[PDB]
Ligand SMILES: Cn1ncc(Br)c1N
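Okay, so here's just one chain, in C-alpha coordinates, the form solved without this ligand.
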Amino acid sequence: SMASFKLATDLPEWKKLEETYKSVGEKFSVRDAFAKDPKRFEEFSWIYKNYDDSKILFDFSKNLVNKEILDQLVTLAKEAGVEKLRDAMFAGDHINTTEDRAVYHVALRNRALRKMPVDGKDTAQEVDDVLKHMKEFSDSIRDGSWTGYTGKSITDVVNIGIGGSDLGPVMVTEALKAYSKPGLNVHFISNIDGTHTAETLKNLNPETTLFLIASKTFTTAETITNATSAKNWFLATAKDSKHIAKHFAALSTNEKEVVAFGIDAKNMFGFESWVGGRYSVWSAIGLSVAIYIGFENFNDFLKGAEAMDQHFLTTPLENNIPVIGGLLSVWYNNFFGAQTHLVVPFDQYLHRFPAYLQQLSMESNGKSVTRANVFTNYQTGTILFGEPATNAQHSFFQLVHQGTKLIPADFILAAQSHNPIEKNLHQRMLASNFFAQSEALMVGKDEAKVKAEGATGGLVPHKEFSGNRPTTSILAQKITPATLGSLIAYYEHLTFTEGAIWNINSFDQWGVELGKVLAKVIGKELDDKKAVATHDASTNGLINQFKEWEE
(Lines give C-alpha, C1' and ligand atoms only; values in the text may rest on other atoms or scores of the structure.)
Protein backbone atom coordinates (compact mmCIF):
# COMPACT_ATOMS: atom_id res chain seq x y z
CA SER A 1 0.00 0.00 0.00
CA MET A 2 1.15 3.52 -0.81
CA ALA A 3 -0.61 4.51 2.47
CA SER A 4 1.42 4.81 5.73
CA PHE A 5 -1.57 3.88 7.93
CA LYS A 6 -4.92 2.07 7.46
CA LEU A 7 -7.54 3.84 9.63
CA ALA A 8 -7.64 7.20 11.44
CA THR A 9 -8.65 5.22 14.53
CA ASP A 10 -5.23 3.50 14.42
CA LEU A 11 -3.38 6.76 15.09
CA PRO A 12 -2.47 7.12 18.80
CA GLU A 13 -3.56 10.77 19.00
CA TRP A 14 -7.15 9.77 18.04
CA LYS A 15 -7.87 8.18 21.45
CA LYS A 16 -6.07 11.07 23.16
CA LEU A 17 -8.41 13.49 21.41
CA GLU A 18 -11.38 11.36 22.49
CA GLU A 19 -10.19 11.73 26.06
CA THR A 20 -9.58 15.49 25.63
CA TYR A 21 -13.12 15.78 24.24
CA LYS A 22 -14.47 14.25 27.41
CA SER A 23 -12.34 16.25 29.82
CA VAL A 24 -12.23 19.68 28.17
CA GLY A 25 -14.02 19.83 24.84
CA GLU A 26 -17.63 18.72 25.42
CA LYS A 27 -18.29 21.45 28.01
CA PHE A 28 -15.85 23.98 26.55
CA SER A 29 -16.64 27.60 27.50
CA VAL A 30 -15.45 30.05 24.90
CA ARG A 31 -16.49 32.81 27.32
CA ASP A 32 -14.16 31.36 29.96
CA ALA A 33 -11.32 30.92 27.38
CA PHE A 34 -11.30 34.67 26.56
CA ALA A 35 -11.44 35.43 30.30
CA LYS A 36 -8.41 33.14 30.90
CA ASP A 37 -6.29 34.30 27.91
CA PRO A 38 -6.13 38.08 27.13
CA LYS A 39 -4.14 37.20 23.97
CA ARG A 40 -6.69 34.67 22.67
CA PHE A 41 -7.68 36.64 19.54
CA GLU A 42 -3.97 37.08 18.68
CA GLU A 43 -3.20 33.38 19.24
CA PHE A 44 -6.11 32.00 17.20
CA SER A 45 -6.20 34.47 14.34
CA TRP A 46 -3.86 34.58 11.29
CA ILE A 47 -3.42 37.21 8.59
CA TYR A 48 -2.97 35.79 5.10
CA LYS A 49 -1.03 38.01 2.68
CA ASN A 50 -1.89 37.54 -0.99
CA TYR A 51 0.50 37.89 -3.94
CA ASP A 52 -0.76 41.44 -4.49
CA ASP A 53 -0.13 42.49 -0.84
CA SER A 54 -3.87 42.38 -0.10
CA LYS A 55 -4.86 40.54 3.09
CA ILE A 56 -7.43 38.25 4.58
CA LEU A 57 -7.91 37.83 8.35
CA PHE A 58 -8.84 34.27 9.45
CA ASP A 59 -10.20 34.45 13.01
CA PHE A 60 -10.69 30.98 14.58
CA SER A 61 -10.82 32.34 18.17
CA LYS A 62 -14.60 31.81 18.78
CA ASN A 63 -14.24 28.05 18.09
CA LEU A 64 -14.26 25.35 20.79
CA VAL A 65 -10.44 25.15 20.76
CA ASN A 66 -7.49 26.11 22.93
CA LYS A 67 -3.71 25.62 22.81
CA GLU A 68 -3.91 22.08 24.20
CA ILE A 69 -6.59 20.94 21.70
CA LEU A 70 -5.01 22.56 18.63
CA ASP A 71 -1.61 21.07 19.52
CA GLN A 72 -3.21 17.58 19.71
CA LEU A 73 -4.92 18.12 16.35
CA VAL A 74 -1.56 19.14 14.82
CA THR A 75 -0.02 15.94 16.27
CA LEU A 76 -2.84 13.96 14.62
CA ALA A 77 -2.12 15.63 11.26
CA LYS A 78 1.56 14.62 11.63
CA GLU A 79 0.65 11.03 12.47
CA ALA A 80 -1.69 11.00 9.45
CA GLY A 81 1.11 12.23 7.14
CA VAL A 82 -0.84 15.23 5.81
CA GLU A 83 2.45 16.87 4.79
CA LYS A 84 3.68 13.74 2.94
CA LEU A 85 0.45 13.43 0.96
CA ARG A 86 0.38 17.16 0.25
CA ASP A 87 3.99 17.10 -0.97
CA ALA A 88 3.16 14.07 -3.19
CA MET A 89 0.21 16.03 -4.62
CA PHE A 90 2.45 18.96 -5.56
CA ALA A 91 5.10 16.52 -6.89
CA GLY A 92 2.60 15.15 -9.46
CA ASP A 93 2.45 11.71 -7.87
CA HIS A 94 -0.63 9.57 -8.64
CA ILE A 95 -2.32 10.13 -5.28
CA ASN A 96 -5.74 9.46 -6.84
CA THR A 97 -5.04 5.77 -6.21
CA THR A 98 -8.34 4.27 -7.40
CA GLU A 99 -8.22 5.96 -10.81
CA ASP A 100 -4.37 5.91 -10.84
CA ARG A 101 -4.05 9.59 -11.63
CA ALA A 102 -2.24 12.70 -10.51
CA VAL A 103 -4.17 15.40 -8.69
CA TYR A 104 -2.93 18.58 -10.22
CA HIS A 105 -5.38 21.47 -10.08
CA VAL A 106 -2.43 23.28 -8.37
CA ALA A 107 -0.62 23.07 -11.78
CA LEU A 108 -3.49 24.97 -13.45
CA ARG A 109 -2.62 28.17 -11.55
CA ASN A 110 1.16 27.79 -11.87
CA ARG A 111 1.54 31.27 -13.35
CA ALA A 112 5.12 31.45 -12.01
CA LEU A 113 5.93 28.51 -14.36
CA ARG A 114 7.54 26.46 -11.62
CA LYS A 115 8.52 23.01 -12.71
CA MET A 116 5.45 20.90 -12.01
CA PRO A 117 5.76 17.48 -13.63
CA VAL A 118 3.43 14.60 -14.17
CA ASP A 119 5.06 11.30 -15.17
CA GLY A 120 8.39 13.20 -15.09
CA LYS A 121 7.29 15.71 -17.75
CA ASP A 122 6.78 19.37 -16.75
CA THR A 123 3.20 20.65 -17.24
CA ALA A 124 3.94 24.41 -16.93
CA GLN A 125 4.06 25.24 -20.65
CA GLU A 126 1.16 22.99 -21.75
CA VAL A 127 -1.06 24.67 -19.12
CA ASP A 128 0.18 28.13 -20.03
CA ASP A 129 -0.48 27.46 -23.75
CA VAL A 130 -4.15 26.72 -23.10
CA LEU A 131 -4.39 29.95 -20.97
CA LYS A 132 -2.90 31.94 -23.87
CA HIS A 133 -5.49 30.46 -26.23
CA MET A 134 -8.18 31.33 -23.69
CA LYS A 135 -6.87 34.93 -23.60
CA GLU A 136 -6.89 35.18 -27.40
CA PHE A 137 -10.41 33.80 -27.77
CA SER A 138 -11.90 35.70 -24.85
CA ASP A 139 -10.33 38.94 -26.06
CA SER A 140 -11.88 38.42 -29.53
CA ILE A 141 -15.33 37.92 -28.01
CA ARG A 142 -15.01 41.00 -25.80
CA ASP A 143 -13.65 43.36 -28.51
CA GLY A 144 -16.14 42.40 -31.22
CA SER A 145 -13.56 40.85 -33.61
CA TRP A 146 -15.31 37.49 -33.31
CA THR A 147 -18.62 38.01 -35.15
CA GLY A 148 -21.67 35.84 -35.53
CA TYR A 149 -22.97 34.48 -38.82
CA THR A 150 -24.69 37.76 -39.77
CA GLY A 151 -21.58 39.86 -38.88
CA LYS A 152 -22.63 41.05 -35.37
CA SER A 153 -20.62 41.11 -32.16
CA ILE A 154 -21.54 38.55 -29.52
CA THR A 155 -23.88 39.73 -26.76
CA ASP A 156 -24.57 36.46 -24.86
CA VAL A 157 -22.46 33.45 -24.01
CA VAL A 158 -24.11 30.26 -22.88
CA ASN A 159 -22.16 27.61 -21.07
CA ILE A 160 -23.66 24.12 -21.19
CA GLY A 161 -22.31 21.63 -18.71
CA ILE A 162 -23.04 19.58 -15.60
CA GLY A 163 -21.40 19.33 -12.24
CA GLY A 164 -17.92 20.88 -12.09
CA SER A 165 -18.42 22.03 -15.70
CA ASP A 166 -21.25 24.34 -14.51
CA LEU A 167 -21.05 25.28 -10.78
CA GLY A 168 -17.60 26.95 -10.81
CA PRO A 169 -18.37 29.14 -13.85
CA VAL A 170 -21.77 30.06 -12.29
CA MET A 171 -20.40 30.88 -8.84
CA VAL A 172 -17.37 32.82 -10.04
CA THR A 173 -19.19 34.89 -12.66
CA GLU A 174 -21.79 35.75 -10.00
CA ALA A 175 -19.09 36.55 -7.43
CA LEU A 176 -17.04 38.78 -9.77
CA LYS A 177 -19.98 40.37 -11.62
CA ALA A 178 -18.74 43.85 -10.64
CA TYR A 179 -15.89 43.24 -13.14
CA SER A 180 -18.20 42.52 -16.11
CA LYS A 181 -18.86 44.68 -19.19
CA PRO A 182 -22.33 46.11 -19.98
CA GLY A 183 -23.78 44.39 -23.02
CA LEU A 184 -21.90 41.06 -22.66
CA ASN A 185 -23.87 38.55 -20.58
CA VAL A 186 -23.32 34.96 -19.51
CA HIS A 187 -25.82 32.13 -19.00
CA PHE A 188 -25.50 28.60 -17.72
CA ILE A 189 -27.60 25.61 -18.85
CA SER A 190 -26.97 22.55 -16.68
CA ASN A 191 -30.14 20.64 -15.78
CA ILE A 192 -31.36 18.02 -18.24
CA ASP A 193 -34.88 19.30 -17.37
CA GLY A 194 -35.90 20.99 -20.62
CA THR A 195 -37.14 24.02 -18.62
CA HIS A 196 -33.51 24.98 -18.25
CA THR A 197 -32.98 25.20 -22.01
CA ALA A 198 -36.43 26.68 -22.80
CA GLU A 199 -36.18 29.48 -20.24
CA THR A 200 -32.49 30.28 -20.92
CA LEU A 201 -32.81 30.61 -24.70
CA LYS A 202 -36.29 32.23 -24.78
CA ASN A 203 -35.15 35.82 -25.21
CA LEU A 204 -31.74 35.25 -26.80
CA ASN A 205 -30.75 36.10 -30.40
CA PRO A 206 -29.14 33.20 -32.36
CA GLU A 207 -27.18 35.78 -34.41
CA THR A 208 -25.35 37.10 -31.29
CA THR A 209 -25.23 34.05 -28.96
CA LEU A 210 -22.07 31.93 -28.48
CA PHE A 211 -22.18 28.48 -26.82
CA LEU A 212 -19.43 26.76 -24.85
CA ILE A 213 -20.04 23.05 -24.54
CA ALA A 214 -18.19 21.99 -21.41
CA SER A 215 -17.53 18.21 -21.41
CA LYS A 216 -14.11 16.45 -21.44
CA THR A 217 -15.41 13.32 -23.22
CA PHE A 218 -17.92 15.29 -25.31
CA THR A 219 -20.12 12.24 -24.77
CA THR A 220 -21.66 13.18 -21.34
CA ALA A 221 -25.40 12.29 -21.77
CA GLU A 222 -27.12 15.33 -20.21
CA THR A 223 -24.60 17.83 -21.56
CA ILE A 224 -24.62 16.48 -25.11
CA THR A 225 -28.46 16.34 -25.04
CA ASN A 226 -28.57 19.98 -23.95
CA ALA A 227 -25.94 20.89 -26.53
CA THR A 228 -27.91 19.20 -29.32
CA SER A 229 -31.13 20.98 -28.30
CA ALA A 230 -29.27 24.31 -28.32
CA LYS A 231 -27.86 23.51 -31.76
CA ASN A 232 -31.42 22.82 -32.94
CA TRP A 233 -32.56 26.19 -31.54
CA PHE A 234 -29.69 27.91 -33.32
CA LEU A 235 -30.32 26.14 -36.63
CA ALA A 236 -34.09 26.90 -36.45
CA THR A 237 -32.99 30.47 -37.18
CA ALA A 238 -29.63 30.09 -38.96
CA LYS A 239 -30.88 27.31 -41.30
CA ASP A 240 -27.42 26.15 -42.36
CA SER A 241 -24.93 23.93 -40.52
CA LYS A 242 -21.99 25.95 -41.84
CA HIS A 243 -22.94 28.67 -39.34
CA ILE A 244 -22.31 26.42 -36.32
CA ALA A 245 -18.59 27.20 -36.35
CA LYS A 246 -19.10 30.90 -35.44
CA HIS A 247 -21.41 30.07 -32.54
CA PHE A 248 -20.14 26.93 -30.76
CA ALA A 249 -16.87 26.20 -28.95
CA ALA A 250 -15.85 23.23 -26.80
CA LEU A 251 -14.18 22.80 -23.43
CA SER A 252 -13.08 19.24 -24.26
CA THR A 253 -10.46 16.61 -25.17
CA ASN A 254 -12.50 14.72 -27.79
CA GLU A 255 -11.65 16.29 -31.13
CA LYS A 256 -13.45 13.71 -33.30
CA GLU A 257 -16.72 14.28 -31.37
CA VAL A 258 -16.31 18.07 -31.32
CA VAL A 259 -15.63 18.25 -35.05
CA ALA A 260 -18.56 15.90 -35.67
CA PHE A 261 -20.80 18.35 -33.80
CA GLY A 262 -19.86 21.14 -36.28
CA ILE A 263 -17.30 22.92 -34.03
CA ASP A 264 -13.96 23.95 -35.59
CA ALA A 265 -11.19 21.94 -33.82
CA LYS A 266 -9.32 25.25 -33.41
CA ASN A 267 -12.06 26.23 -30.94
CA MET A 268 -11.54 23.36 -28.53
CA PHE A 269 -9.99 24.26 -25.18
CA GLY A 270 -8.47 21.24 -23.43
CA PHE A 271 -7.62 20.11 -19.95
CA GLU A 272 -6.02 16.95 -18.55
CA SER A 273 -7.31 13.86 -16.73
CA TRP A 274 -5.57 15.08 -13.55
CA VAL A 275 -8.14 17.92 -13.31
CA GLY A 276 -11.10 16.86 -11.24
CA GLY A 277 -14.43 18.41 -12.20
CA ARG A 278 -14.91 20.04 -8.75
CA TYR A 279 -11.40 21.43 -9.09
CA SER A 280 -11.69 22.53 -12.73
CA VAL A 281 -12.75 26.20 -12.80
CA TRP A 282 -9.01 27.09 -12.94
CA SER A 283 -8.76 25.23 -16.32
CA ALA A 284 -10.33 25.72 -19.74
CA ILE A 285 -13.63 25.26 -17.83
CA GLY A 286 -13.14 28.81 -16.62
CA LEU A 287 -13.41 30.27 -20.17
CA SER A 288 -16.82 31.82 -19.52
CA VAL A 289 -15.24 33.70 -16.59
CA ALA A 290 -12.42 35.04 -18.82
CA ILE A 291 -15.04 36.14 -21.37
CA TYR A 292 -17.22 37.76 -18.76
CA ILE A 293 -14.61 39.69 -16.77
CA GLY A 294 -11.56 39.60 -19.07
CA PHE A 295 -8.55 37.28 -19.11
CA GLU A 296 -6.42 39.56 -16.91
CA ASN A 297 -9.07 39.32 -14.15
CA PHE A 298 -9.20 35.56 -14.58
CA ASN A 299 -5.39 35.47 -14.40
CA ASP A 300 -5.49 37.46 -11.12
CA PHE A 301 -7.98 34.89 -9.81
CA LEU A 302 -5.50 32.12 -10.73
CA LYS A 303 -2.66 34.02 -9.02
CA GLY A 304 -4.70 34.23 -5.79
CA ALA A 305 -5.05 30.50 -5.75
CA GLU A 306 -1.33 30.12 -6.51
CA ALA A 307 -0.46 32.30 -3.52
CA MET A 308 -2.66 30.23 -1.21
CA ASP A 309 -1.09 27.08 -2.69
CA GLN A 310 2.31 28.45 -1.74
CA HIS A 311 1.08 29.20 1.81
CA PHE A 312 -0.29 25.63 2.14
CA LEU A 313 2.92 24.04 0.79
CA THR A 314 5.48 26.05 2.78
CA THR A 315 3.92 26.82 6.20
CA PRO A 316 4.44 24.69 9.29
CA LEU A 317 1.15 23.02 10.23
CA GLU A 318 0.53 25.03 13.41
CA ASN A 319 0.31 28.26 11.36
CA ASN A 320 -1.03 26.79 8.12
CA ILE A 321 -4.47 28.35 7.66
CA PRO A 322 -6.22 25.68 5.49
CA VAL A 323 -4.79 23.00 7.81
CA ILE A 324 -6.17 24.71 10.90
CA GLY A 325 -9.61 24.94 9.32
CA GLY A 326 -9.46 21.24 8.33
CA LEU A 327 -8.36 20.28 11.84
CA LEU A 328 -11.28 22.17 13.39
CA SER A 329 -13.67 20.36 10.98
CA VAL A 330 -12.30 16.99 12.10
CA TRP A 331 -12.68 18.05 15.75
CA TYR A 332 -16.38 18.86 15.29
CA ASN A 333 -17.14 15.98 12.86
CA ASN A 334 -15.45 13.13 14.66
CA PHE A 335 -15.38 14.21 18.33
CA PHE A 336 -18.47 16.38 18.79
CA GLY A 337 -20.48 14.42 16.17
CA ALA A 338 -21.62 17.56 14.34
CA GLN A 339 -22.78 16.33 10.91
CA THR A 340 -22.89 19.73 9.17
CA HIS A 341 -20.71 22.72 8.28
CA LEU A 342 -22.39 26.09 7.57
CA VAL A 343 -20.83 28.73 5.35
CA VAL A 344 -22.40 32.16 5.28
CA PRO A 345 -21.09 34.90 3.01
CA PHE A 346 -22.16 38.38 4.19
CA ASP A 347 -21.95 39.20 0.53
CA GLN A 348 -24.67 39.05 -2.09
CA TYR A 349 -22.23 38.49 -5.02
CA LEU A 350 -21.09 35.32 -3.21
CA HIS A 351 -24.67 33.92 -3.07
CA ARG A 352 -23.61 30.70 -4.92
CA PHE A 353 -20.38 30.23 -2.92
CA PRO A 354 -21.92 27.77 -0.44
CA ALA A 355 -23.37 25.71 -3.30
CA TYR A 356 -19.91 25.55 -4.96
CA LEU A 357 -18.33 24.52 -1.65
CA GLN A 358 -20.99 21.85 -1.19
CA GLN A 359 -19.76 20.05 -4.35
CA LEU A 360 -16.04 20.61 -3.51
CA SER A 361 -16.47 19.30 0.03
CA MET A 362 -19.12 16.61 -0.20
CA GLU A 363 -18.13 15.05 -3.56
CA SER A 364 -14.49 14.93 -2.33
CA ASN A 365 -15.00 13.63 1.16
CA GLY A 366 -18.20 11.57 1.07
CA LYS A 367 -16.28 8.28 1.04
CA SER A 368 -16.42 5.19 3.25
CA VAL A 369 -13.12 3.51 2.23
CA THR A 370 -9.52 4.39 3.04
CA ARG A 371 -6.31 4.42 0.96
CA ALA A 372 -5.56 1.10 2.64
CA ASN A 373 -8.75 -0.26 0.98
CA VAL A 374 -10.66 -0.89 4.23
CA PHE A 375 -14.02 0.52 5.38
CA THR A 376 -14.12 3.41 7.75
CA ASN A 377 -15.98 2.88 10.96
CA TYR A 378 -15.76 6.57 11.80
CA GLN A 379 -17.26 9.67 10.21
CA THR A 380 -15.96 11.21 7.00
CA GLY A 381 -17.20 14.17 5.02
CA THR A 382 -19.64 16.64 6.59
CA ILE A 383 -22.76 18.04 5.04
CA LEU A 384 -21.91 21.59 3.93
CA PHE A 385 -24.67 24.11 3.39
CA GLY A 386 -25.40 27.81 3.51
CA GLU A 387 -27.00 30.98 2.12
CA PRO A 388 -25.84 34.63 2.20
CA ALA A 389 -26.39 36.95 5.13
CA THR A 390 -28.17 38.96 6.12
CA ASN A 391 -30.98 36.85 4.61
CA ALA A 392 -29.91 33.73 6.51
CA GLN A 393 -30.32 35.59 9.88
CA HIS A 394 -34.04 35.99 9.25
CA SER A 395 -34.47 32.32 8.63
CA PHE A 396 -32.54 29.29 9.62
CA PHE A 397 -30.31 31.21 12.03
CA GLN A 398 -33.20 30.69 14.51
CA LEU A 399 -32.05 27.05 14.69
CA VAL A 400 -28.36 28.01 14.71
CA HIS A 401 -28.98 30.15 17.84
CA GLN A 402 -31.64 28.20 19.79
CA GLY A 403 -31.80 24.65 18.35
CA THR A 404 -30.32 21.40 19.72
CA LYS A 405 -27.65 20.83 17.00
CA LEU A 406 -24.03 22.03 16.93
CA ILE A 407 -23.49 23.72 13.57
CA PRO A 408 -19.89 24.88 13.03
CA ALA A 409 -20.10 28.03 10.89
CA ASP A 410 -17.80 30.18 8.74
CA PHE A 411 -18.81 33.80 8.18
CA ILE A 412 -17.18 35.82 5.34
CA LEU A 413 -17.22 39.60 4.92
CA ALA A 414 -15.37 42.12 2.74
CA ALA A 415 -14.41 45.36 4.50
CA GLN A 416 -14.98 47.22 1.22
CA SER A 417 -18.02 46.89 -1.08
CA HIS A 418 -17.92 47.12 -4.86
CA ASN A 419 -21.24 48.98 -4.45
CA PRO A 420 -20.75 51.47 -1.51
CA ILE A 421 -24.07 53.17 -2.15
CA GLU A 422 -25.57 55.86 0.00
CA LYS A 423 -22.15 56.81 1.44
CA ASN A 424 -21.46 53.27 2.59
CA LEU A 425 -24.62 53.04 4.79
CA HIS A 426 -25.62 49.60 3.51
CA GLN A 427 -22.08 48.35 3.96
CA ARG A 428 -21.75 49.58 7.56
CA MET A 429 -25.07 47.88 8.30
CA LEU A 430 -23.95 44.63 6.61
CA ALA A 431 -20.67 44.65 8.57
CA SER A 432 -22.43 45.31 11.88
CA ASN A 433 -24.47 42.14 11.40
CA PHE A 434 -21.31 40.13 10.64
CA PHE A 435 -19.71 41.14 13.91
CA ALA A 436 -22.91 41.01 15.95
CA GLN A 437 -24.00 37.53 14.86
CA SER A 438 -20.72 35.82 15.77
CA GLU A 439 -20.64 37.77 19.02
CA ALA A 440 -24.18 36.64 19.89
CA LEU A 441 -23.44 32.99 19.06
CA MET A 442 -20.57 33.14 21.57
CA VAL A 443 -21.95 35.28 24.36
CA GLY A 444 -25.53 34.00 24.43
CA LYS A 445 -28.01 35.35 27.01
CA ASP A 446 -28.56 33.88 30.45
CA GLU A 447 -31.68 33.58 32.57
CA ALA A 448 -30.76 36.62 34.67
CA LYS A 449 -30.49 38.84 31.56
CA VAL A 450 -33.81 37.57 30.14
CA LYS A 451 -35.46 38.51 33.43
CA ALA A 452 -33.79 41.92 33.50
CA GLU A 453 -35.15 42.47 29.96
CA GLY A 454 -38.68 41.99 31.31
CA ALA A 455 -39.70 38.32 30.92
CA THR A 456 -41.31 36.50 33.83
CA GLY A 457 -42.57 33.05 34.63
CA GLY A 458 -42.65 30.40 31.92
CA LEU A 459 -41.63 32.81 29.13
CA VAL A 460 -38.08 33.17 30.49
CA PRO A 461 -36.46 29.92 29.14
CA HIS A 462 -37.84 30.50 25.63
CA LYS A 463 -35.79 33.73 25.42
CA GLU A 464 -32.47 32.27 26.67
CA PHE A 465 -29.47 31.65 24.42
CA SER A 466 -26.78 29.09 25.34
CA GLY A 467 -23.96 30.88 23.62
CA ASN A 468 -20.68 28.94 23.24
CA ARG A 469 -21.76 28.23 19.68
CA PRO A 470 -18.68 28.32 17.43
CA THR A 471 -17.95 30.49 14.42
CA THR A 472 -14.93 31.19 12.25
CA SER A 473 -14.81 34.75 10.92
CA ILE A 474 -13.01 35.48 7.61
CA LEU A 475 -12.54 39.18 6.86
CA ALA A 476 -11.14 40.18 3.48
CA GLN A 477 -10.27 43.69 2.40
CA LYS A 478 -12.31 43.36 -0.80
CA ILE A 479 -13.61 40.37 -2.85
CA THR A 480 -11.41 40.93 -5.84
CA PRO A 481 -10.54 38.12 -8.35
CA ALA A 482 -7.36 37.53 -6.32
CA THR A 483 -9.19 37.30 -3.05
CA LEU A 484 -11.75 34.88 -4.44
CA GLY A 485 -8.96 32.68 -5.87
CA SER A 486 -7.33 32.52 -2.44
CA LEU A 487 -10.70 31.80 -0.71
CA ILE A 488 -11.51 28.86 -2.99
CA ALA A 489 -8.00 27.41 -2.63
CA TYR A 490 -8.41 27.78 1.16
CA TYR A 491 -11.44 25.45 1.00
CA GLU A 492 -9.66 23.12 -1.50
CA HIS A 493 -6.81 22.69 0.98
CA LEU A 494 -9.12 22.46 4.01
CA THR A 495 -10.90 19.67 2.11
CA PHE A 496 -7.48 18.08 1.39
CA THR A 497 -6.57 18.16 5.11
CA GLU A 498 -9.84 16.55 6.20
CA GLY A 499 -9.46 13.76 3.63
CA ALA A 500 -5.79 13.16 4.59
CA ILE A 501 -6.67 12.69 8.25
CA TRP A 502 -9.57 10.35 7.41
CA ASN A 503 -7.25 8.52 5.01
CA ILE A 504 -9.79 8.65 2.17
CA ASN A 505 -9.24 9.48 -1.50
CA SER A 506 -10.70 12.98 -1.85
CA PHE A 507 -10.22 12.87 -5.62
CA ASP A 508 -12.36 10.00 -6.97
CA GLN A 509 -16.19 9.81 -7.25
CA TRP A 510 -17.29 6.24 -7.82
CA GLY A 511 -20.61 7.08 -6.19
CA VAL A 512 -22.09 8.55 -9.34
CA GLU A 513 -21.97 5.27 -11.32
CA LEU A 514 -24.90 3.20 -9.97
CA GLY A 515 -27.54 5.90 -10.55
CA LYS A 516 -26.17 6.61 -14.06
CA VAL A 517 -26.42 2.94 -15.09
CA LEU A 518 -29.83 2.47 -13.56
CA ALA A 519 -31.07 5.67 -15.33
CA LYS A 520 -30.06 4.28 -18.75
CA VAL A 521 -32.05 1.08 -18.10
CA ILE A 522 -35.13 3.01 -17.03
CA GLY A 523 -34.85 5.53 -19.86
CA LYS A 524 -35.24 2.68 -22.38
CA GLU A 525 -38.35 1.53 -20.43
CA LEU A 526 -39.86 5.07 -20.61
CA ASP A 527 -39.37 5.05 -24.40
CA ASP A 528 -41.37 1.79 -24.60
CA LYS A 529 -45.16 1.61 -24.06
CA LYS A 530 -45.59 -1.29 -21.66
CA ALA A 531 -46.00 -1.27 -17.87
CA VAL A 532 -42.79 -2.36 -16.11
CA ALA A 533 -42.16 -5.17 -13.62
CA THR A 534 -38.35 -5.43 -13.88
CA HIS A 535 -37.56 -3.53 -10.64
CA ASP A 536 -38.51 -3.50 -6.96
CA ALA A 537 -42.18 -2.79 -6.30
CA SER A 538 -41.65 0.91 -5.45
CA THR A 539 -39.65 1.64 -8.57
CA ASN A 540 -42.19 -0.28 -10.65
CA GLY A 541 -45.07 1.54 -8.94
CA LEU A 542 -43.56 4.95 -9.54
CA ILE A 543 -42.71 4.23 -13.18
CA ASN A 544 -46.14 2.80 -13.87
CA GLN A 545 -47.95 5.71 -12.17
CA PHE A 546 -45.82 8.08 -14.27
CA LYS A 547 -46.81 6.22 -17.44
CA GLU A 548 -50.49 6.71 -16.55
CA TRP A 549 -49.89 10.44 -16.00
CA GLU A 550 -47.37 11.42 -18.70
CA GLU A 551 -48.21 13.31 -21.88
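Numbering starts at 1 and follows the sequence shown. Definition used throughout: the rigid core is the maximal C-alpha set that superposes within 1.5 Å between two forms.
Beyond what is shown, the protein has a form solved in complex with this ligand; the following relates to that form.
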> Open site or blocked site for this ligand in this chain, with its pose taken in the deposited bound form and fitted by superposition, and blocked meaning 3 or more ligand atoms within 2.4 Å of backbone or C-beta?
Replying inline: open
>> Give me the residue from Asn334, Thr382, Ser190, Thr173 that has a heavy atom within 4.5 Å of this ligand in the deposited bound form.
In response: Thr382
>> Just to be sure I understand the contacts: of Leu350, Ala476, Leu360, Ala80, which is the one whose heavy atoms reach within 4.5 angstroms of this ligand in the deposited bound form?
In response: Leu360
>> For the interface check, one of 25-33, 491-499, 59-67, 45-53 should have non-hydrogen atoms within 4.5 Å of this ligand in the deposited bound form; which one?
In response: 491-499
> Could you tell me if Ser329 has a non-hydrogen atom within 4.5 Å of this ligand in the deposited bound form?
Replying inline: yes
> Going through 305-328 from first to last, which residues have a non-hydrogen atom within 4.5 Å of this ligand in the deposited bound form?
Replying inline: none
>> Quick check on the comparison between this form and the one not shown: with the core aligned, only one of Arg31, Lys524, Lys49, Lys516 should show a Cα shift of at least 2 Å. Which one is it?
In response: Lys516
>> Would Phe261 count as moving between this form and the one not shown, using a Cα shift of 2 angstroms or more after superposing the core as the test?
In response: yes
